[PDB]
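Protein chains in written order, with the authors' numbering: chain L, 1 to 120; chain E, 660 to 709; chain F, 508 to 557.
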Amino acid sequence: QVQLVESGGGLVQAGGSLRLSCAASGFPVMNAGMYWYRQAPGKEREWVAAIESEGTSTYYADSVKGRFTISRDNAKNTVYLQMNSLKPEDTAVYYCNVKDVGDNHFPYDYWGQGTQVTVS
Amino acid sequence: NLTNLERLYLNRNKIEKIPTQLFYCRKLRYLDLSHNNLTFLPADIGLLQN
Amino acid sequence: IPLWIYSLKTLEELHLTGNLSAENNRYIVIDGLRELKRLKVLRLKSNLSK
């Protein structure tokens, strides 16, 4: 089966560093495009990080450009995203997303459960 | 280093440039590079007369 | 719109003639356009602001 599960959620006051993660099942992460979206109370999902398949090129939105680091680890079959002293206004519920893996069934996009990180 | 290549296929890749030394294999007959992000065809193709 | 549009890895021309401007998002609907590495022509028609 194909599903995404992430961890690392935890309320952290401004001044520290948090390390995220994920877990992809049923497909390799190398031959797939992984995405990071943020969800906020009363606000829709906003794209944060994207790592391009077949070449491993990182894409960042201008909102958080030049501030995070995203990498793919095929040893654990996961994607690691690391933040640098995330601001209190950056508190959001981060969503993992990978769409159109080599397998092509009715669910074309897969999302994680969602982890809430709080900054104050 | 390769010398006796007679049929080379490199379709469906991401290749921008055809190296000059590729034509050192002068016995190519079915060389094929299609569906690739190529930019130019090198002038040393005349060295591969077969 | 089809949800499998980004699965067409060999797609060359993409012609969008709808309204990609959704509710308070920077066109998140087409965030999968980075998947298509073979794209050559793009013809968005959705009254773009930014």
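Cβ coordinates follow ideal geometry from the N, Cα and C atoms, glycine included.
- For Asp-100 of chain L, same chain residues with a beta-carbon under 6 Å away, outside a window of 5 residues either side, are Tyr-108 in chain order.
- Under the criterion of beta carbons closer than 8 Å, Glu-54 of chain L and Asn-31 of chain L qualify as touching, at roughly 7 Å.
- Here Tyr-110 of chain L is buried, its C-beta having at least 16 other C-beta atoms within 10 Å.
- Using a 10 angstroms sphere on the CB of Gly-539 of chain F, the tally of other CB atoms reaches 16 or more, which defines it as buried.
- Unbroken beta strand (DSSP E) stretches of 3 residues or longer found wholly inside the stretch 42-71 of chain L: 43-52, 57-60, given in chain order.
- Sixteen is the threshold: since fewer than 16 other Cβ atoms of the shown chains lie within 10 Å of the Cβ of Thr-517 of chain F, the residue is exposed.
- Remark: C-beta atoms of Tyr-60 of chain L and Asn-97 of chain L do not approach each other more closely than 8 Å.
- Counting C-beta pairs closer than 8 Å gives fewer than three between the stretch 689-697 of chain E and the stretch 518-528 of chain F, which falls short of the contact rule.
- Nearest to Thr-69 of chain L by alpha-carbon distance, out of L:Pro-88, L:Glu-6, L:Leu-18, is L:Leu-18.
- Under DSSP, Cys-22 of chain L takes part in no beta bridge, so it has no partner.
- In the same chain as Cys-684 of chain E, and ignoring 5 residues on each side of it, the C-beta atoms closer than 8 Å to its own belong to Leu-661, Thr-662, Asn-663, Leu-664, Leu-667, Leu-707, in chain order.
- Nearest CB-CB separation between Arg-545 of chain F and chain L: not below the 8 Å threshold.
- Short of 8 Å from the beta carbon of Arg-688 of chain E, and not among the five residues preceding or following it, lie these beta carbons of its own chain, in chain order: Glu-665, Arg-666, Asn-709.
- Neighbours of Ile-535 of chain F across chain L, judged by C-beta separation under 7 Å: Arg-45, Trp-47.
- From the listed residues L:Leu-81, L:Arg-67, L:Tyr-95, the smallest Cα separation to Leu-20 of chain L is found for L:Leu-81.
- Interface annotation for the stretch 91-103 of chain L against chain F: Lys-99, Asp-100, criterion Cβ-Cβ distance under 7 Å.
- For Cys-96 of chain L, the enclosing beta strand (DSSP E) begins and ends at 92-99.
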